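Working notes for the structure below.
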Amino acid sequence: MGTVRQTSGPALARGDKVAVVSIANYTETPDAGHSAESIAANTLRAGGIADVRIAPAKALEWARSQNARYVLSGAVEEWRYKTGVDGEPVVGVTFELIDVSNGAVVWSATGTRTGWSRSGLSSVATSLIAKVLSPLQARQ
Amino acid sequence: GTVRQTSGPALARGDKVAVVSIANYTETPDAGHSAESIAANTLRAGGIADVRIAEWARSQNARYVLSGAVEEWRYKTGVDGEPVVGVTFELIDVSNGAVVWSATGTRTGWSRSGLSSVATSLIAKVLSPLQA
Amino acid sequence: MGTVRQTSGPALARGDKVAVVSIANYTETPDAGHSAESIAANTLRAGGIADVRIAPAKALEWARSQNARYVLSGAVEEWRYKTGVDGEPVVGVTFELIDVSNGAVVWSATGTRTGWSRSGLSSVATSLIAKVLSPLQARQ
Amino acid sequence: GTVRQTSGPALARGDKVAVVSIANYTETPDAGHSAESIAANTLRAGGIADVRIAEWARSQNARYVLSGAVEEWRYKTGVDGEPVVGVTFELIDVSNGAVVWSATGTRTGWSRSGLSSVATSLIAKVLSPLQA
Amino acid sequence: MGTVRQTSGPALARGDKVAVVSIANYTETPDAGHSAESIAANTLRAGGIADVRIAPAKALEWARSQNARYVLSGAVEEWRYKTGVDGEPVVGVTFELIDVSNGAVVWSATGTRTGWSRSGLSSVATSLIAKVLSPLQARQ
Amino acid sequence: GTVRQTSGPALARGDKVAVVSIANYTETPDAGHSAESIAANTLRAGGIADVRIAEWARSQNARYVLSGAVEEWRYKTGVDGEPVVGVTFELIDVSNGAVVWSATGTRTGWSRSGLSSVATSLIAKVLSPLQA
Amino acid sequence: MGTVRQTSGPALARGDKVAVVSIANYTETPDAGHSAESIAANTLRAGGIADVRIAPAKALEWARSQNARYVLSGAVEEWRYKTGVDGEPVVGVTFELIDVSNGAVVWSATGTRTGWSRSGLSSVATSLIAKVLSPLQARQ
Amino acid sequence: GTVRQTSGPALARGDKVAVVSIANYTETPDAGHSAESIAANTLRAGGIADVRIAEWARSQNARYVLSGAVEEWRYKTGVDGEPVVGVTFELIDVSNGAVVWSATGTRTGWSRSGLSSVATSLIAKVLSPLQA
Amino acid sequence: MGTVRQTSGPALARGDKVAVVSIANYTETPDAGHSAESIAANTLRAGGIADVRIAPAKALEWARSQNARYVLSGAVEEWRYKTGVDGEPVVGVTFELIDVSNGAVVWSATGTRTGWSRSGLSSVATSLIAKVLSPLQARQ
Amino acid sequence: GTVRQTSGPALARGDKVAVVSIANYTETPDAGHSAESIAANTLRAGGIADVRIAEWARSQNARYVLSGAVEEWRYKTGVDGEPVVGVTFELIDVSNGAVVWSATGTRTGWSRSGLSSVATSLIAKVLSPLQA
Amino acid sequence: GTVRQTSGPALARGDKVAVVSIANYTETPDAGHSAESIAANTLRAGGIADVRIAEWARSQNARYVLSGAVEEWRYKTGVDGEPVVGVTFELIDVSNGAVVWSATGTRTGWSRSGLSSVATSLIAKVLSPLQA
Amino acid sequence: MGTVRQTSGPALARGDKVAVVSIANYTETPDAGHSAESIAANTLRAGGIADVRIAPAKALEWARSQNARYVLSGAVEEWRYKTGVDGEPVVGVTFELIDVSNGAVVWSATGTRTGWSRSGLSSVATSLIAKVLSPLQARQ
């Protein structure tokens, strides 16, 4: 259950360097944004993007120093199990891809998903972040 | 629930819109910031090419500011509690400072629905008149 | 369920400027008055009133500076879910329209409503505030 | 419950009435202020053209002051707890300072009734003799 | 349920001024004595006693200054809902009428009442205080 | 429960009786003061024309002092807990200082009985020998 | 339920003055000893003992000053409702009568009683203290 | 439970016995003092004419001292918890200081039994050899 | 239920003086060791040992001053009701008899016992301590 | 759940790998250190002869660094709560500093499964491409 | 559960053994001291004539030291929780300082079994090779 | 239930001295690592390794001073009962054998096990640690 909404974006190159930078945490799950960061970064690598790097603890101040072409950022709106025994997992994420040249959001997505009650939070998140980030798969 | 939208301008893809401080009148922390992030993306998905999230709007060359407030953003109490969202929006012409467009939307979802889904879906419908 | 009681009032103009000013909160729901403020303001716009503005954090000191013709104020007497699982939402509001020239209450209303237990608080409130504020719809 | 009203003056639409400090003898915060707001509106709806909410009454040129106290204003305990309101009112001639009219009303509502409804409905009936 | 016990008393005049003065609160219901004060005062007016006044926050020091002929005082022994869901309301009151000339209790009453479980505390109290205070109705 | 009264004087309507400090040996606050107020009224209803509520008794010209203590004054625990009262009284000749009359009464009521009723009813029976 | 055990004692006179002095409280019921004091004193009067007096807050220092012939003292070992809803009342008392001349215990008793669950603590106590103190009834 | 008594002296009615400090090894406050009071009375009822409750014994001219300790003195847990008592006693010749008599007794009662009853009954049986 | 394990020991004399000295408390029952001390001492007397004395609050420093021939010591490993309503009592004790001449453990025992759920802790303890200490019965 | 691995180098038994600081993004204390210990052993079992657990890697002559983060490591709530693990890994060439290999794995186990088992089993599968 | 014992010396009745500090790795206070006391007695019952409970061992002329640790010593949770014991022992030659004998034993008992029984019984079996 | 995974290792000698050194505790069971230490040490002795010693409260600084040839270390990842009544015991351990000459891990193992709900934690642990450590049994 849930939906995914994507704007169009550029076809990314295998050699386009991407900085994953502070994914905001708007939930009461500690480190939820950090989990999304890790999950996102590996999604971006699995999608064929050779050089992907997560920022440390504007932000473009940094990404240029790492000679990144783009910055992937976002926020997590929901990341938890619903309350009670057999509460299903629920994830909600937004993502922005930023062109480091001008600071302009060239691609954006929103995805939410409510899981099976016999599913893990990490599983749903991981699946959703992969579907949401699929247009950032490297072009053939 | 419901959605009510007033008349408003026909938006162009090159019209710069700046999303600014969506108030949280709920007990869910960061409800407003979540509403900002979803709104910005809704606008971009609606074809507004340049949307930024924060007077300030002028220095960012924005034509319009999108603002508003969240009135409800939560699961109802108990297990199987259903997600409830309530939001108001206002679209502001930056040159004169006037509300040119405003809207209000509420929604209650199924028991097995995510709150983030309801909110995202609702915010999409409410802001649907700001696409082109 | 519930009732709405309205005094007569003037037929408002599309170009009558209205200031929405501090709606008292007499409930234990934080920001309940602020929610009513936002809801009310958009109701007033949806009703055809072009220039509607909510005051910041007598009060007529301000409304004249904004050249407002009227001030809509009120209070919230109830704004909550009844207690327990499946507690129905309940709203209770009063509203006064003030002529900024003389300070006189020219129109007033009281509305209460108990919702469906499968309804949101925000939904009931929004519906009730719209019915209550309907005589402030702009004249044709 | 019940309502008992004493005799009182025939009120005129131009008689200025000032609602003043309705005591809260309940554990529901702002019960009295809620009773003030509902009363004022009841009076206006009853045709009193000028009703204001706060010696002081003289400086506001009021003929009468409406006052009173709330004795009960709550849901009964437990889920399905029924709303209970109890109120006393007194109408005061400002020139001499005498109670010219007084009334007492209590009411218990259905389980599925709002407290704000009961109170509003009750306060309407109690103050019904102050209309014209 | 409950009983009312009354001594004889004088037949009060419509123009006999009465001061309602500090009704003691012997319960754990806050303001219970104040509620009885308000309820009592209006009962006394409804009973045909023209000038009735409640004292502010012996006491005869005051009542003479207000030229009162009598003082109605008392205490509340019980004023609550019995414990638990559907606990019936229970009221218990005593009342003394004092002649301001000499300080002598010329009339006295005790009333208790246990209510219907679907009844309000305020309703039972109000009814009981009216029955208890009925001999202080003004003579024809 | 029960009531036991010793012999005592035949009281006259003009005999001034002063009720003085009825001890509270319960966990119900003001139990004793409630017992004082009910006692005073019982005495007046019993035809004692002058009863006052506080050595001191002499300065008030009282012939007798009524005193005592409350041993139980509560609802039994749980819902449907029944009201339980237990009281002792002593009547004192003020001139010599001797107990001339004394009595003890206990009572348990129905589940649907008020505590104030039980106490009032019990205190009436116990003090019934002090009427005339 | 329960038992009463009594030693023999003197036949007391109607004019034998008795001081009731500090009945120890060995329970977790506050004022339990004081209740027994009051109950005992009236039992002693009801039993035909004309002058009976309870001491204020050895002890024979006092009783001689009041010209008492005897002192009735004791302790309360149990005075409570058993735990839970419908817990029966339980009383346990010991009593000593002291000759003020020599300080010697001339009469002593122990009584315990478990009540009906629909009985009051005060009722059981009162009944038990009366049975226990019955040999101190005045001789004919 | 059980009772075990050792041999001991034949007590005379004129033998002065002084009850001294019965230790409380329970969580029931004053268990030992309750055991002292019950013991003293048991001894008197058993025909010992002079029994007093507190080296010291010599200055009171006592022949014997009765002492001991309480090991259990409580209701078992839960509603319907049964009362449990456990006590040890020792009888001491004051001249030489030797235990001349000692005894141990435990008892569990019915659910509907008072703790004070069990203890009193048990303490009676245990000390029964000190009567004459 | 439970077992008792005893080493052989000497046949004790009726006139062998025994000091019962600090029985360790290894449970969360306060005074458990003290209870065992009292119980043990009387067991030793009931077993025919004329002079038995419990120490106040090595230890042989004391026992020699009392001219004791032996010291009985030990520890309590368990002394409680099992958890919950109708939790059976459980006792666990070890005992050492010490020759005051040389300090050598000449006799030792371990006993545990789980009681009937309708039994007292004090009863089980008392029974077990008596069985465990039975070889210290005086020889005929 | 699932496992996704990117391409990576063919590892040799003599390639020194150093496991370094696996972040804990869970509320289970030491989740990351547990993940480090299991990973190191998985690598050794996979035939990497020299694996050490902590710039630093250079001074230890390591060719590769294995790192990552734990996103979930817990039993689901309630009794019969099922164990849930979620992990990301990255393999880093020490000379240039580049990720040459990366992987993500999640897993939910039976109710009667140990958490340590799930994690160990999952971490084995995820790192299976780093064996030779 | 189980018991595993290594080989060890044949003990003589005159071999002095000193029990020394048995570690408590449980949340049951004094578990180790309880294990010391039971062990000492087991050894004595096994025919070791001189067993003492505390380098030090030399000054006490002991040949061997018995030591160890408790890993579990508790009732399982809930009512009817079964008692669980787990212990390790080591026997040490004092002259050289070497472990000459070591053993490990665990045991779970019936619901209606005492913890002290399980432990005592288990410790008996584990140490059974140190008898003669 | 559970698994055991072992790398190959050397065939250890009966006279190869082994130091058991700080087994990390990654659980919320206090002393879990210490229990594993004790259990492991005796497993190593039972496996035929004559001289086995546990370290006190790199670490190779110590093992050389004790002339140890190897160090057995590890960590405990899980050591507890699952939550609730009848929660089964669960153990999870890793182990490293270190050559004291060079500091190199020459043998390593991971073992987890979920027990029977009518089993003790100590029993499962003990069994698992013995299976896991079986290749460190001394060669014939």
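Chain letters run A, B, ... following the sequence lines, proteins first, then strands; residues in each count from 1. The figures here come from the full heavy-atom set of this structure, side chains too, leaving out hydrogens, waters and symmetry mates.
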When you measure from the side chain of D/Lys76 to the backbone N and O of E/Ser119, does any donor-acceptor pair fall under 3.5 Å?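 Yes: the side chain of D/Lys76 pairs with the backbone of E/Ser119.
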Are the side chain of D/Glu72 and the backbone of E/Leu121 linked by a donor-acceptor contact shorter than 3.5 Å?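 Yes: the side chain of D/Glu72 pairs with the backbone of E/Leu121.
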List the atom of D/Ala69, the atom of E/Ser38, and the distance in Å for their closest heavy-atom pair.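 Taking every non-hydrogen atom into account, CB-OG, 3.8 Å.
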Taking all non-hydrogen atoms of both residues into account, name the closest pair between E/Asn42 and D/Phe89 and its distance.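 E/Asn42 and D/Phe89 have their closest heavy atoms at ND2-O, 3.5 Å.
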What part of D/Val100 lies closer than 4.5 angstrom to a heavy atom of chain E: side chain, backbone, both or neither?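 No part of it gets close to chain E.
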Under 4.5 Å from any heavy atom of chain E, what part of D/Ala98 do you find: side chain, backbone, both or neither?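 Interface part for D/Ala98: backbone (N, CA, C, O).
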Measuring only between side-chain heavy atoms, which start at C-beta, is D/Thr108 closer than 4.5 Å to E/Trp116?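 Answer no - side chains too far apart.
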Taking everything shown except D/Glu27 itself, do over 12 heavy atoms lie less than 6.0 Å from its CD?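 No, not enclosed.
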Output the distance between atom [atom1] ([X]) and atom [atom2] ([Y]), rounded to the nearest 0.5 Å.
X        : Y        : atom1 : atom2 : answer
D/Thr104 : E/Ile39  : OG1   : CD1   : 4.5 Å
D/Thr6   : E/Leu44  : OG1   : CG    : 12.0 Å
D/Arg107 : E/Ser123 : CZ    : OG    : 10.0 Å
E/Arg53  : D/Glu90  : CZ    : CD    : 8.0 Å

